[PDB]
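Below you'll find only one chain, the form deposited in one PDB entry, shown as structure tokens.
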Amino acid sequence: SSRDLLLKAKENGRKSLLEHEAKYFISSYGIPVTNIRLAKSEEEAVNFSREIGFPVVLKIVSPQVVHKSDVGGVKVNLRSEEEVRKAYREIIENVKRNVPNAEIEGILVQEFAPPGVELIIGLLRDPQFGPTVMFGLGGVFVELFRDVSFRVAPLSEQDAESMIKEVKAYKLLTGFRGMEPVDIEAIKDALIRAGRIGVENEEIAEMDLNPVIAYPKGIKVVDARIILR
């Protein structure tokens, strides 16, 4: 069961899931994620990169790194074996540099997701209303303008659809200069499933799917955090 991931983390005194664990978990609920081969050395990192197909991304897997870019731990758009080894050692050195004592599980290999419209799907627990799903457009729109909608879980299709149309930046999903409309049904589906995750898994305190990239067809969660209690 995917719950084994939660039980393991609990057993190890960890209060959150590692990136690959989080993605595996939400994937088991039908939310689309990136490929996640966990590499233990430069060698498999390259085998994984080829196996996966270029371009790829490398990330540090460590309980100690929660903000990966800010430690020089993320290397994106790697399209050659040379560039993979190049980024591999470069990451390890950056984390060994900024947090010298770090618990390293490996380096996560994943496909470089092509550009689209970025989204945020959140899950929190409100003292009054319990598990609550949050939606917003990525980047400055949530981070800076706080443009977000909320629905208390479980979500009906009516809840999912209306909360999407509710945010001020909604038109970024229905086609604008240089960008086609994106798959709103896929977004609705992910929102409902996020709600279900919150209702069923009482040990999940918080979930942050950010960024989620939306395309004319389908979506792909690129980064995922799950906080435990």
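Between two forms, the rigid core is the largest collection of C-alphas that superpose within 1.5 Å. The first residue of the shown sequence is 1; numbering continues from there.
Entry-level comparison of average CA B-factors, 99-107 and 120-128, reporting the higher stretch: The deposited B-factors put 99-107 ahead on the C-alpha mean.
Highest mean C-alpha temperature factor of the two stretches 39-47 and 170-178, which is it? Between 39-47 and 170-178, it is 39-47 that shows the higher mean C-alpha B-factor.
Member of 184, 163, 66, 190 with the greatest C-alpha B factor (per the PDB record): The listed residue with the largest C-alpha B-factor is 66.
Out of 87, 142, 113, 152, which shows the largest CA B-factor listed in the entry? Highest C-alpha B-factor among the listed options: 87.
Could you place residue 199 in the lowest, middle or highest third of its chain by Cα temperature factor, using the values in the record? Lowest third, going by the recorded CA B-factors of the chain.
When the deposited Cα B-factors of this chain's modelled residues are ordered and cut into thirds, is residue 34 in the lowest, the middle or the highest one? Middle third - that is where residue 34 ends up once the chain's C-alpha B-factors are sorted.
Below: the form deposited in another entry, not depicted.
Which of the listed residues (120, 124, 104, 148) moves its Cα by 2 Å or more between the shown form and the other one when the core is kept in place? Meeting the 2 Å or more criterion is only 104.
How does the C-alpha distance between residue 14 and residue 64 change in the other form compared with the present structure, closer or farther, given a change of 3 angstroms or more? Residues separate in the other form, at least 3 Å farther apart.
Pin down for me whether the residue 14-residue 99 Cα distance shrinks or grows in the other form relative to this form (closer or farther, change of 3 Å or more). Compared with the form shown here, the C-alpha atoms of residue 14 and residue 99 sit farther apart in the other form, by 3 Å or more.
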